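See structure below.
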Amino acid sequence: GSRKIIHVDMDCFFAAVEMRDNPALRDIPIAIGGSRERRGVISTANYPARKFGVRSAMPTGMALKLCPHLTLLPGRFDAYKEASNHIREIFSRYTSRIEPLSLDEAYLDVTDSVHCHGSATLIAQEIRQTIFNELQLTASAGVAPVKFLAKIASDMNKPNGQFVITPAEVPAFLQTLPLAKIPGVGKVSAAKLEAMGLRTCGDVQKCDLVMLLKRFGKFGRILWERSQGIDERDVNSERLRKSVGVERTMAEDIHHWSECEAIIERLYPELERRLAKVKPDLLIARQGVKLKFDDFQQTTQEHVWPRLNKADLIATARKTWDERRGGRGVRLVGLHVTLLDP
DNA sequence: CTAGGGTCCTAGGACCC
DNA sequence: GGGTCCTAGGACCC
Ligand SMILES: Cc1cn([C@H]2C[C@H](O)[C@@H](COP(=O)(O)OP(=O)(O)NP(=O)(O)O)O2)c(=O)[nH]c1=O
Ligand SMILES: [Mg+2]
Ligand SMILES: [Mg+2]
């Protein structure tokens with residue numbers, strides 16, 4: 001009853017696209033990210049930049065201190081999206097069981113594929129090659145009997161590599177695996193687990209399910225399952241986007257509502273333009289706003305509303321501004337929309 | 001010195017029976 | 001007394 005799941009993952013996806021499109025960035029540390037003055041962070045970076053410690057989600061200010069010759073690129077999301085469409089169409093040549101997770105990665109369920117004599121190892125390789133031959137970018141891949149093990153495996157031979165985990169290899173692979181490597185166990189959860197003596201899946205295997213359920217809820221059940229290789233989630237392939245949001249972080253904290261409203265006026269056309277791509281009639285389920293203050297607390301207020309409407313967003317923003325801001329500076333304003341169900 | 005695009009889970013009160 | 005919706009917040013992913 002064992003299935004074959006491939007996880008494909010582009011190498012330094014945005015950076016790799018920028019070097020293809022301008023070879024001059026090939027051997028210099030580059031990074032896609034807002035400038036220091038724009039208070040931005042690194043989206044991604046190439047390997048000459050991560051040699052210096054540059055990571056995704058790092059404040060640009062901290063990147064430039066580690067890597068003073070970093071080259072900041074603004075990013076060209078149409079170029080990234082075109083490559084994403086291309087790779088996904090490459091996936092289609094092999095199976096329709098494709099669940100994309102972002103521009104640059106997808107799960108594939110190749111169980112009932114008889115490409116490459118049903119070898120998932122050689123299907124994964126034949127996709128990386130091909131991506132290489134047709135897009136001049138590289139991908140890493142992971143092959144395992146379940147989703148999360150396949151995702152972990154795609155980082156172990158990154159860049160331009162892959163890694164296979166057979167069911168017979170699963171128990172030994174699990175035994176020393178830090179919990180934080182499990183997709184969905186982040187920093188906060190890992191630090192709680194660590195603080196009661198749980199670091200690896202082998203640790204959680206010595207744990208009672210009931211206790212984990214009491215301490216963590218459904219997350220505790222997830223944690224006990226994954227700790228044993230149990231991950232029965234199917235590769236979906238028909239997930240649909242449920243929301244679209246637009247938010248902006250100013251270079252300077254705003255302190256006056258005239259500043260906020262002017263920002264909303266620039267945000268709204270963008271949100272409308274993007275909603276129309278997926279809902280021409282702008283018919284929606286809910287709309288709302290987001291403010292992030294200078295103490296980094298953030299708040300949203302949204303409500304049932306039937307159609308993208310600028311004035312109600314301005315209205316509810318003004319309300320949020322007055323009712324919850326306490327004279328703090330505001331670093332970010334965002335608009336939001338929850339899409340209708342079908 | 002802390003982005004912007006998202007997803008999913010939780011939790012109290014409203015509302016319903 | 002038990003479901004289901006509404007909203008806010010937050011952990012987490014890319
Ligand atoms: C994690 C992350 C990613 N991104 C963008 C930029 C990345 O190029 C793209 C793919 O995300 P990955 O996690 O796959 O990292 P990567 O750049 O492709 N490097 P890697 O996959 O080789 O580790 O998605 C961001 O903008 N912010 C992020 O935090
Ligand atoms: Mg990647
Ligand atoms: Mg990825």
Side-chain angles (χ1 to χ4, degrees), chain A residues 7-15 31-45 55-64 66 72-75 77 80-81 84 99-107 147-148 151-152 154-155 179-193 216-223 233 236 239-251 253 267 270-271 274-275 277-278 285-305 316 320 323-324 331-339 341:
Chain A
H7 188 253
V8 186
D9 194 309
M10 299 308 286
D11 303 309
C12 303
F13 181 41
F14 293 11
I32 289 87
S35 69
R36 206 201 309 107
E37 295 69 2
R38 293 271 310 237
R39 295 197 291 185
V41 319
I42 301 305
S43 259
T44 196
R55 300 307 187 254
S56 271
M58 187 166 64
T60 288
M62 176 195 327
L64 281 165
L66 300 161
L72 251 67
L73 281 34
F77 288 88
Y80 312 151
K81 144 162 263 49
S84 189
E99 171 181 353
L101 304 156
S102 61
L103 291 181
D104 99 322
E105 68 180 59
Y107 286 116
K147 271 175 167 217
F148 89 101
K151 166 135 203 175
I152 300 173
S154 61
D155 290 343
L179 299 168
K181 283 256 193 159
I182 297 170
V185 182
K187 193 270 164 201
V188 167
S189 290
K192 285 163 53 55
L193 297 165
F216 293 120
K218 304 180 187 56
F219 185 75
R221 179 175 296 282
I222 290 302
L223 206 37
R233 292 168 305 152
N236 200 319
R239 295 159 106 271
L240 298 170
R241 169 167 65 162
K242 298 175 187 213
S243 67
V244 14
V246 190
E247 55 195 59
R248 242 38 182 198
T249 278
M250 287 72 60
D253 286 1
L267 259 21
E270 281 316 294
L271 167 61
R274 279 161 48 181
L275 180 53
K277 292 197 187 185
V278 157
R286 311 165 81 245
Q287 72 169 14
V289 301
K290 183 182 188 162
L291 304 184
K292 190 194 278 185
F293 311 111
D294 55 29
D295 77 342
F296 258 86
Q297 184 193 280
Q298 88 172 212
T299 174
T300 52
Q301 66 183 79
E302 305 153 25
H303 46 248
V304 170
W305 186 277
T316 24
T320 315
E323 284 172 351
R324 187 102 86 77
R331 54 177 298 118
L332 168 160
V333 177
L335 299 178
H336 192 272
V337 124
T338 304
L339 292 180
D341 280 334

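Below, read A as the first sequence line, B as the second, and so on, with proteins coming before strands; counting in each chain starts at 1.
Within 4.0 Å of A:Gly34, counting heavy atoms only, lies no atom of the nucleic acid at all. Residue contacts shown for A:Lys292 are limited to sugar-phosphate atoms, with no base heavy atom under 4.0 Å away.
Residue A:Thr60 places none of its side-chain N or O atoms closer than 4.0 Å to OP1 or OP2 of B:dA3. Remark: A:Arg286 is in phosphate contact with C:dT7, judged by side-chain N or O atoms under 4.0 Å from OP1 or OP2. Side-chain nitrogen and oxygen atoms of A:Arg38 include none within less than 4.0 Å of the OP1 or OP2 phosphate oxygen of B:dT2. Distances shown here put a side-chain N or O of A:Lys218 below 4.0 Å from the OP1 or OP2 atom of B:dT10. Side-chain N/O atoms of A:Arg248 include one lying less than 4.0 angstrom from OP1 or OP2 on B:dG5. Under 4.0 angstrom from either OP1 or OP2 of C:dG9 there lies at least one side-chain N or O belonging to A:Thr299. Between B:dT2 and A:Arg331, a contact under 4.0 Å exists linking OP1 or OP2 to a side-chain N or O. Residue A:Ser102 places none of its side-chain N or O atoms closer than 4.0 Å to OP1 or OP2 of C:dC13. The side chain of A:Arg274 places an N or O atom within less than 4.0 Å of a non-bridging phosphate oxygen (OP1 or OP2) of B:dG5. Not one side-chain nitrogen or oxygen of A:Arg221 sits closer than 4.0 Å to the OP1 or OP2 atom of B:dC9.
Pairing of B:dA11, defined by two Watson-Crick or G-U wobble distances under 3.5 Å, is identified with C:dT7. With a 3.5 Å ceiling on both atom-pair distances, the Watson-Crick or G-U wobble partner of C:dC14 is B:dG4.
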Item to complete: Check step by step if side chain to side chain contact (heavy atoms under 4.5 Å, CB included) holds for A:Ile32 and A:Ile42.
Response: CA-CA 6 Å; A:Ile32 289 87; A:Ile42 301 305; over 6 Å; no
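The two atoms that bring A:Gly245 and A:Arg274 nearest to each other are O-NH2, 2.9 Å, heavy atoms only. Nearest heavy-atom pair, A:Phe219 versus A:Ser189, reported as atom, atom and distance to 0.1 Å: CZ-OG, 3.5 Å.
Out of B:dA3, B:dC1, C:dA8, the shortest distance to the side chain of A:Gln301 is found at C:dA8. Closest to the side chain of A:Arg324, out of B:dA3, B:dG6, C:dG9, is C:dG9. Taking only side-chain atoms of A:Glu247, from C-beta outward, the nucleotide of B:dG4, B:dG6, B:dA3 with the closest atom is B:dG4. Ranking C:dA11, B:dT7, B:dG6 by closeness to the A:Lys242 side chain, first place goes to B:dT7. Closest to the side chain of A:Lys151, out of B:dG6, C:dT7, C:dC14, is C:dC14. Among the nucleotides B:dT2, C:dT7, C:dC12, the one closest to the side chain of A:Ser189 is C:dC12. Taking every side-chain heavy atom of A:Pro59 into account, B:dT2 is the closest of C:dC14, B:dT2, B:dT7. Among B:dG6, C:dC14, C:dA11, the nucleotide with an atom closest to any side-chain atom of A:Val188 is C:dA11. Listed nucleotides: C:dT7, B:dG6, C:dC14. Nearest to the side chain of A:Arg241: B:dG6. Side-chain proximity of A:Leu332 to the nucleotides B:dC9, B:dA3, B:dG4 is greatest for B:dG4.
Taking atom CG of residue A:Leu291 and atom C1' of nucleotide C:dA8, one finds them 14 Å apart after rounding to whole Å.
Under the 30°/60° scheme for interplanar angles, the aromatic rings of A:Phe14 and A:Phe77 are found to stand perpendicular.
Annotation: the span from A:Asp341 atom CG to A:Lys242 atom NZ amounts to 8.0 Å, rounded to 0.5 Å. Put simply, OG1 on A:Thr249 and NZ on A:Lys292 are 5.5 Å apart, with the number rounded to the nearest 0.5 Å.
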